[PDB]
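Reviewing the structure listed below.
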There are 4 protein chains.
Amino acid sequence: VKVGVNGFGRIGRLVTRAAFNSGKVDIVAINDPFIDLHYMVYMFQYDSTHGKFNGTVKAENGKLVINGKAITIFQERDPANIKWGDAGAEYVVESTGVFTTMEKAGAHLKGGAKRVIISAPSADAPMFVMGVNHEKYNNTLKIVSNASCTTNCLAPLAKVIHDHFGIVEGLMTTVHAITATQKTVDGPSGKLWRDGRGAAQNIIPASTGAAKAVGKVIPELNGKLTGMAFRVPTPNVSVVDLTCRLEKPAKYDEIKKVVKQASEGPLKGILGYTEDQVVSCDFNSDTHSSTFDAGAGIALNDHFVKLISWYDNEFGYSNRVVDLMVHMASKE
Amino acid sequence: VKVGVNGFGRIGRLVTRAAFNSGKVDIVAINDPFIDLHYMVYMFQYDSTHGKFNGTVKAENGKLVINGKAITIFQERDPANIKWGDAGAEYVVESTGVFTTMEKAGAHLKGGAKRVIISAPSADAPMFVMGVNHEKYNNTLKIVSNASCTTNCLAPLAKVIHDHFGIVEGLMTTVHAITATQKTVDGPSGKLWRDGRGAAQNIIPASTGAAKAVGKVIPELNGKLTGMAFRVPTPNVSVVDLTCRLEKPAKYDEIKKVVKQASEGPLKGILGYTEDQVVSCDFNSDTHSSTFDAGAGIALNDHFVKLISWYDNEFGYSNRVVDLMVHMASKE
Amino acid sequence: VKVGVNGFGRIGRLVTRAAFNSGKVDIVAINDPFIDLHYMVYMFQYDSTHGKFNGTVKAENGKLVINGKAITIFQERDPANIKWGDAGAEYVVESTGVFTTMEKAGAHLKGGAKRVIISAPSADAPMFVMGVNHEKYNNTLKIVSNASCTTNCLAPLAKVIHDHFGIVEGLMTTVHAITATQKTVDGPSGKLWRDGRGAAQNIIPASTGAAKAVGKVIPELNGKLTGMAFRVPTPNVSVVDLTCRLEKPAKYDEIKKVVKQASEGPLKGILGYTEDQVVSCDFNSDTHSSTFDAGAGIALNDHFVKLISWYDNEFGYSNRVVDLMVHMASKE
Amino acid sequence: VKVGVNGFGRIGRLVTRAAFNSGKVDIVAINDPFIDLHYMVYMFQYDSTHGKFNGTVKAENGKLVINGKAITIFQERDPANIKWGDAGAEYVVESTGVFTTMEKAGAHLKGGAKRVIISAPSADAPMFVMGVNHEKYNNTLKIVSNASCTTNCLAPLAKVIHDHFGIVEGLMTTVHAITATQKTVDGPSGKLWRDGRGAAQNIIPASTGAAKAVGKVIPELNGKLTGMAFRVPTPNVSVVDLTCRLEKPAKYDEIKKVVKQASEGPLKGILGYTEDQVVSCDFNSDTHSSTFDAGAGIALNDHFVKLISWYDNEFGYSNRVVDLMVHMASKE
Ligand SMILES: NC(=O)c1ccc[n+]([C@@H]2O[C@H](COP(=O)([O-])OP(=O)(O)OC[C@H]3O[C@@H](n4cnc5c(N)ncnc54)[C@H](O)[C@@H]3O)[C@@H](O)[C@H]2O)c1
Ligand SMILES: NC(=O)c1ccc[n+]([C@@H]2O[C@H](COP(=O)([O-])OP(=O)(O)OC[C@H]3O[C@@H](n4cnc5c(N)ncnc54)[C@H](O)[C@@H]3O)[C@@H](O)[C@H]2O)c1
Ligand SMILES: NC(=O)c1ccc[n+]([C@@H]2O[C@H](COP(=O)([O-])OP(=O)(O)OC[C@H]3O[C@@H](n4cnc5c(N)ncnc54)[C@H](O)[C@@H]3O)[C@@H](O)[C@H]2O)c1
Ligand SMILES: NC(=O)c1ccc[n+]([C@@H]2O[C@H](COP(=O)([O-])OP(=O)(O)OC[C@H]3O[C@@H](n4cnc5c(N)ncnc54)[C@H](O)[C@@H]3O)[C@@H](O)[C@H]2O)c1
């Protein structure tokens, strides 16, 4: 399937890289009004976090050429003005972060796009996490949401734990790496004052709806999960900490065994499993949505456990966006 | 009371600074075989985390002179060889971290010390947290432990919450700043391989006995609390995240009100309270054991809440060591 | 003298704090259209880098009250619309960074301001560094520039070295801490692509005109100095490295002696001197423009030396802005 | 040639990885008394800086098996006790850092090693930098030194600049990433007190003999070069800043052209060249000894220029150790 990408930030560029790295979808158009073609070459080629791009990238005839494939470049501030149809983009990755509603994402449909995939949590678009509820998608849904990186980490582990033991209630804290929304030094932020404080200097607490959003993709867990986030001075990798009351008794070894069986089975490539003394850098550029950390977690008793899951919030989420597009194209 | 300090690391130096800043105890002797007198002057004077020492510090006649008070300096590897009695040190702050047992800490008693206060968790010495169980101390206990920084953060909040609502069970994660035991780059560590990975680069998971140690100082909570730690790339401030099942129903406002009343009452100066958009740097050089973060925490229902508490793991713990010594001297 | 402050960023807030800390000038008005009064209270009160503000700050009757002194707050995007005269602000600290020309800074003069002090390098406003050329100011200059933090570091040391030995030619590199213009992660920047790369992750090279701007305030050094900058992952403190060919022979001890004599004399409080094993955190919240690091620097021969000078690029520059205003008020 | 490796730290492990990545030499024995076989598996497999090891690594029958090649493991504190000859190690990479003299490195010769390559600067062993003076090696030198990472960065650029223009005198500052010798928090260091201060918190000044060591490998530059270092809070990549007086006039374009021609010619793979807006992360895992940064550097006039060169102080130096061993084996 041919894919257009709206926005060339972390999510847009890394979705493009995942498309080229795996070859699963073909990027044909990119829209970003604030990044010119040559600046796009520079930003795609050099990445502080994930290294230099393997393969080639250059500007030719007003087009971005990645691995010999010319990509049409648009500079539009309004999505409706983008000529997705002329470039042949059937799907569009809405990755700017400011068009995360059905009506705002349908502006891409006006521009010739057949379907729109929002790479952020959406207030009203149907939300899918690969390996959790993606089979609930059907070819009548024009606009979908891939949820968040944190949601794509929590939802598979929560699905496994609820399926085998039953989550009566769970509380989540994610220790999250620095993102583009933060400030290098103490500065103004609209209403989230803590996010305005210097990111390298601080442990910063944040509200996140990812744990509650797990209730959308796992309806039986609706209202049983919520949590918060502490932003910390790390570039890329984040970790999920889920503390939950289990309906059925579960020794920690039983949870480990069930999660390992899930990681080796239907959730392979989505839910990871490890028993090594892993740290955050060990999952940089990892493509899993969630890697269960067996040794990091701890249990108080048979019904109250604390579960740890790592996730590259950049690479894994982009690969999941690509996989969602592949599944939607398969269901055409 | 006159105090000797064994070890001149973070804990020893900051305990000395707290002694001089508040004037509550008199430091008269310091033992450290790896730090000479002039190096001691340098390390006490300049602090990356807490700034330069207000007041004066210089070497005179083989003695460390802080604010005009001469301090005898010993360079001994074996605590029994230290002449605490000749210097007049009635109390000794065992802050090296490698003499955290009753028999090892009694070597200071051999050297003329009347009492020994271990500034680390102890396997067998009686353990006290200020504001939680310190009134259980009596003048017949020669060797005591001040627990850990994390324990001194968790125990007061846990005491308040258990007293008013009852903690059926709680799980703790502390997001902890970098400490001296970590490595700048990936390097060898004896058995804790994760602690060997570069501290600035990683979110690092760690086992900690602080939550279980809260059961020592609050016996009714024994076996009902445990947890883990994630070390992160920050210099000083750490935060406690307590997720607990409450015996009695508690709206989040009720918990806030109870904790604020405790912070304004018997636990004043020990348990802090704030409703501001605080980040970690806002508690650097703070002397509280635990400052409740009202806005950071979240509740799922009336019986399952996630509570957030900040703590300067260096300054607060040192001030608590000083306060424990003051209380013990009062109970002489 | 009564001072208005345009912009409430790092420079504006720290200039306000320096005004209140030293009591040398009276802040009466602050203009910032993007930061409301209560957000101004928060941002002034809590500082990640310099700690919490000693003293009180709260909102009263639409005014910012710092240490009991009410400050009028304006929310204007155009400087000409600001009613500086009604608030009584004789001087204005133009600290936004986007009004650094005579014509743009005169909009404040339209609003009732008697004089305007630009806290950034200016293309055409007369430029002054305290202790270097500030006596060249006269009461006929309505609009002046305080140069940059880097210029205020280099110019006093360069003045001393040129006066005593003669700088045939010098090249400067400043290792500079992270500032507000950088990005937490790799992101778009207009034309300076390197400044768009993640600040915590990288050593980042940058062009700076500070060394050439030293030629403005020391005319004999015009065209003899230039340099560059490497931005690094540190919050506050920066260091200047000056490599220069000396007209007259100078042993390193002679340079040390001359610089120490200057630091103890006419440049006291402006040019610092130390022979201690200082690191960057040892100058956090330091108010000097430049502290000579005797041990850090090295000489190749009697005519080719590398000189090292530390500077808190936030605190020192703000205190120099305050001192420039005090001198201008004295020359009224 | 078959290679033994003494020490399994950053240098030893990365030299092993470079040996396996390029296949140029065969690692057959590793000695490290502080790292057991399974800990060696862990430390080799997971790298925070350079990512996970591509290929396989596991413990089999008391041996480290990297890519199916069994490596004999020794746990000896004294080099003379190591049985290099039994394992068949013809060359030994002395990478511990504490056997950097001819007599100390000859203990490996006692253990059956034919030749010893010290991966640190040596006081008396002959010193070689690839592309600078390595052709001065001959098969009669049993013990050699590969100099330092900084020396391997400076020497090729200095060689090119001196050959084409002539370096009358140069001063060097390297902005260097954090290394294993530093401390996470303020702590004791033997005599280098600044290196004891927290590495993540500070810009730290350091003495380095690399610029003077360039005079060893380029005799015509002896006594004409020296410099210093500022350690900064970055994990891996370092940059060299060379400020030099040129004997012959050189426009900056001429220097750029000469350096680019050298990078494309005899120094290919050793001296890099780029004109992109590179930052430090753009050279992580780069194998060049020195990549000239054309845009970063600046000139004051035709005889006084400041030249910038990046270098991965870990990967590049290890690859140069491998290349030196390959050249020595070719000259057998
Ligand atoms: N990086 C993560 O960890 C992560 C993971 C999952 C989801 N997300 C979410 O995805 C969204 C994208 O964030 P990012 O991580 O890509 O960072 P980012 O801020 O680098 O990307 C934003 C890019 O969008 C472009 N843009 C802005 N307005 C536009 C417009 N009107 N039309 C077109 N292009 C426009 C800008 O050029 C900018 O480069 C955010 O909302 C983030 O919350 C982030
Ligand atoms: N910094 C914190 O956050 C914190 C808080 C509470 C408790 N603690 C615990 O307290 C202990 C002290 O740690 P720190 O934080 O002071 O760091 P640190 O490692 O700087 O202090 C150790 C100091 O002890 C000295 N020393 C070593 N062996 C000695 C001996 N045999 N006799 C005398 N002196 C000796 C060394 O010179 C070193 O400077 C650790 O076990 C730490 O776990 C740390
Ligand atoms: N921090 C340093 O190291 C330092 C030192 C000396 C000089 N400077 C220079 O001073 C300038 C100020 O930078 P800062 O360091 O204060 O950081 P900063 O970016 O925090 O400050 C900018 C503030 O100005 C306000 N502002 C923006 N547009 C405005 C407008 N049109 N009218 C009024 N207010 C407006 C914003 O609210 C923002 O908070 C920059 O150009 C910087 O280069 C910085
Ligand atoms: N990493 C760099 O940037 C770099 C580059 C070039 C040269 N160097 C130099 O190379 C030397 C090695 O440093 P590293 O960077 O490998 O870091 P490192 O400190 O991780 O390596 C040291 C290793 O040597 C082992 N070791 C210690 N004593 C030993 C002994 N007696 N016998 C055998 N093995 C022993 C220890 O297990 C440790 O893991 C240092 O002197 C460093 O200055 C470093």
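Computed from the coordinates by the stated procedures, all read-outs in this text should not be read as laboratory data. No Cβ is skipped: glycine too gets one built from the backbone with ideal geometry, and neighbour counts run over all protein chains shown.
Table for the structure above
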quantity	calculated
Footprinting exposure proxy for C:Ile161, C:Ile30 (fewest neighbouring C-beta atoms within 10 Å first)	C:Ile161, C:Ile30
Shielding by partners - mean other protein chain Cβ count within 10 Å, residues of A:200-213	6
In degrees, nearest ten, helix B:252-264 long axis to first principal axis of chain B (Cα)	30 degrees
Ranked B:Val232, D:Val237, B:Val28, B:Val65, criterion: other C-beta atoms within 10 Å, fewest first	B:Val65, B:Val28, B:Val232, D:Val237
Helix A:10-22 vs. chain A, principal-axis angle (Cα, 0 to 90°, nearest 10)	90 degrees
Long pairs among C:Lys24/C:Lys110; A:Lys110/A:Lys191; A:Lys224/B:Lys216; A:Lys260/B:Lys306; C:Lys2/C:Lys110, criterion Cα-Cα beyond 21 Å	C:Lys24/C:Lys110; A:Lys110/A:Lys191; A:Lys224/B:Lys216; A:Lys260/B:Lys306
Scattering profile of the protein assembly as shown at q = 0.05 Å⁻¹ [log10 I(q)/I(0), Debye over alpha-carbon scatterers]	-0.38
For the stretch A:149-316, size of Cβ-based charge dipole, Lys and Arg +1, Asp and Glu -1, in debye	540 debye
Part-to-part distance (alpha-carbon centres) for the stretch C:131-202 and the stretch B:45-101, which is given in Å	42 Å
Contact order relative to length of the stretch C:149-316, as percent, for alpha carbon pairs under 8 angstrom and 6 or more apart	28 percent
Euclidean distance of C-alpha centroids, the stretch B:271-332 and the stretch C:275-330, integer Å	37 Å
Shortest-first nm distances, C:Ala80 label point to equivalent points in other copies (7 Å, Cα→Cβ)	3.6, 8.7, 8.8
Rg/Rg_globular for the stretch B:19-125, with Rg_globular taken as 2.2 N^0.38 Å and Rg from C-alpha atoms	1.08
Within-13-Å neighbourhood charge of C:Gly9 [Cβ basis; K, R +1; D, E -1]	-1
Most positive-pole-ward Cα, A:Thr179, A:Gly265, A:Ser189, against dipole of the stretch A:149-316 from beta carbon charges	A:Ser189
Chain C, rotation onto A, residue closest to that axis via Cβ, with its distance in Å	C:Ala200, 2
Gaussian network model of chain D, springs between alpha carbon atoms under 10 Å - residue of D:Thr16, D:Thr56, D:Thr274 with greatest fluctuation	D:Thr56
Taking the stretch C:197-295 and dividing mean pair separation by its residue count, relative contact order in percent (alpha carbons under 8 Å, at least six apart)	21 percent
Shielding score for C:9-15, defined as the mean number of other chain Cβ atoms within 10 Å	1
Spherically averaged projected area in nm², based on the convex hull that wraps the Cα atoms of chain C	16.2 nm²
Position D:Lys331, label points 7 Å along Cα→Cβ, spacing to each other copy in nm (shortest first, one decimal)	6.6, 6.7, 7.4
Chain A: most fluctuating residue of A:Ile298, A:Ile178, A:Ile255 per GNM, C-alpha cutoff 10 Å	A:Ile298
Cβ charges +1 (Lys, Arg) and -1 (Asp, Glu), total dipole of chain C, debye	440 debye
Cα centre as origin, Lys/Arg/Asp/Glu Cβ charges: the stretch B:178-253 dipole, Debye	180 debye
Loop trypsin sites (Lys or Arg not before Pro), the stretch C:227-285 (other Cβ atoms within 10 Å of the site Cβ: 15 or fewer; DSSP)	C:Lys251, C:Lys268
Fluctuation leader among A:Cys244, A:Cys153, A:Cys281 - chain A, Gaussian network, Cα springs under 10 angstrom	A:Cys281
Spherically averaged projected area of the stretch D:149-316 from its Cα convex hull (nm²)	9.4 nm²
Net charge of Cβ neighbours under 15 Å - reference A:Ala113; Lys, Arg +1; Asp, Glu -1	-1
Contact order normalised by residue count of the stretch D:52-184, Cα under 8 Å, 6+ apart, percent	15 percent
Ascending list, in nanometres, of distances separating the C:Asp302 label from those of the other copies (7 Å, Cα toward Cβ)	3.0, 8.9, 8.9
